[PDB]
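Visitor: One structure, as structure tokens, below. Some questions next.
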Amino acid sequence: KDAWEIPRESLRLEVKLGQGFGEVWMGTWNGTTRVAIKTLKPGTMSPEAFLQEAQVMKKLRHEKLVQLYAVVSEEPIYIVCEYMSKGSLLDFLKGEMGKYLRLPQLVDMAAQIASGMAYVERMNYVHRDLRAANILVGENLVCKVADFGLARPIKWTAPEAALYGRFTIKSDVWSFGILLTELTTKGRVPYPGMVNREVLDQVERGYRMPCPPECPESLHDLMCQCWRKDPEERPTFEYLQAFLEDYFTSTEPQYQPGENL
Ligand SMILES: *CCS(=O)(=O)Nc1cccc(Cc2nn(C(C)C)c3ncnc(N)c23)c1
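Residues 257 to 276, 278 to 409, 425 to 533 in the entry's author numbering are what the sequence shown spells out, letter by letter.
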């Protein structure tokens, strides 16, 4: 047992946040630290499989990645992570607080996410499941990447990844472009009214989502860059981070708030 093990008695599960595989709870660690806790229902997934999420988070540490705190690594297994007080970005966008978000806030959230993914990019990892349901929001609209699908949902997956299993940082870039549409539509499902197979077929034929209402063309253009057919033609996360951080000075200095963005 490495330095990450904690005593089972040091961990209190207070409120259940999600179910599934296992559960997610808000709780307390050492009676003083607010935390998020993921459980594994014994005999529903390989312990080695479930813990893989924790192996990755021991090596990846960055202010825009939900931080690993601790593990109880024998069945019943617990993974303890940083508590993110505002829940999933997806529920956030859809809910009462989403209503009032405007383009400056939404681009700043995108820049944060892009910053976490630039880190992942520098570390030579791959996320594989980047999307708004896997970003968590904290105090002051901080957004952090969570739920690594692995290390190194067809509507969010680059075509080369979905078809041939070629998952790379560049298929994450594609997913990020899709995440940008979730941000600018307040969390609507991408490709509205299309089923998975129609999406895959149309994306192959060069189909791409149009510019969302009130979203500047310059931001939709960035989405289009993330969606280039050739993976190696897509921008880096270092590029996306910089572009989004500088957006309101370098790209749309004339931005005026509208009804929804
Ligand atoms: C150590 C971070 S991790 O992504 O690898 N594992 C982990 C462990 C516990 C909880 C989460 C993600 C999560 N989900 N939710 C609700 C269900 C939307 C949370 N609320 C608050 N805080 C966190 N971390 C939440 C990830």
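Ideal Cβ placement from N, Cα and C applies to all residues, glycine included.
1. Thinking C-alpha only, which one of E476, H492, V475, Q474 is nearest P482?
2. Considering just the uninterrupted stretch of the alpha helix (DSSP H) at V377, what are its terminal residues?
3. By Cβ distance, which residues of its chain are closer than 6 Å to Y519, with the 5 residues on each side in sequence left out?
4. If we count the other Cβ atoms within 10 Å of its Cβ and call it buried at 16 or more, is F405 buried or exposed?
5. For the alpha helix (DSSP H) that contains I334, what are its first and last residues?
6. If you reduce the DSSP assignment to three classes, tell me which class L317 lands in.
7. Assuming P462 contacts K427 under a Cβ cut-off of 8 Å, what Cβ separation, rounded to an integer in Å, is found between them?
8. Alpha carbon to alpha carbon, what distance is there between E524 and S490?
9. Give the secondary structure of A306 by DSSP, where H, G and I count as helix, E and B as strand, and everything else as coil.
10. With three or more beta-carbon pairs closer than 8 Å as the criterion, would you say the segment 345-361 touches the segment 428-444?
11. Give the single residue among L533, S443, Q526 whose Cα lies nearest to the Cα of residue 547.
12. What does DSSP give as the partner residues of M283 in its beta bridges?
13. What alpha helix (DSSP H) runs, 4 residues minimum, are completely inside the segment 433-494?
14. Does the beta-carbon of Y340, which I'm using as the reference point, lie nearer than 7 Å to any heavy atom of ligand 1?
15. Can you give me the C-alpha to C-alpha distance between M366 and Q497, rounded to a whole angstrom?
16. Taking the C-alpha atoms as reference points, what is the distance between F448 and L516?
17. Is the distance from the Cβ of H319 to the Cβ of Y382 below 8 Å?
18. Exposed or buried, which one is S443 when buried takes at least 16 other CB atoms within 10 Å?
19. When the Cα atoms are used, what is the spatial distance from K315 to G344?
Guide: Reading it off the structure:
1. Residue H492 is the option with its Cα nearest to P482.
2. Where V377 is concerned, the enclosing alpha helix (DSSP H) starts and stops at 360-379.
3. Excluding positions up to five away in sequence, the list reads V364.
4. Its Cβ being crowded by 16 or more others within 10 Å, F405 is buried.
5. Per DSSP, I334 belongs to no alpha helix (DSSP H) and is neither H nor E.
6. Of the three classes helix, strand and coil, the one that applies to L317 here is coil, per DSSP.
7. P462 to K427, Cβ: 5 Å. Contact.
8. For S490 and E524, the distance between alpha carbons rounds to 8 Å.
9. Collapsing the DSSP output to three states places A306 in a helix.
10. Put simply, the segment 345-361 does not touch the segment 428-444. Fewer than three CB pairs are less than 8 Å apart.
11. Outside the shown range of the chain (257 to 533) lies residue 547, about which nothing can therefore be said.
12. DSSP, once it has assigned bridges, lists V271, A293 as partnering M283.
13. Counting only runs of 4 or more, we get 441-456, 468-476.
14. The closest heavy atom of ligand 1 lies less than 7 Å from the beta carbon of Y340.
15. The alpha-carbon separation between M366 and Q497 amounts to approximately 19 Å.
16. Their Cα atoms are separated by approximately 12 Å.
17. Against a cut-off of 8 Å, the Cβ pair of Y382 and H319 comes out as no contact.
18. Residue environment for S443: buried (at least 16 other C-beta atoms within 10 angstroms of its C-beta).
19. Computed Cα separation, rounded: 22 Å.
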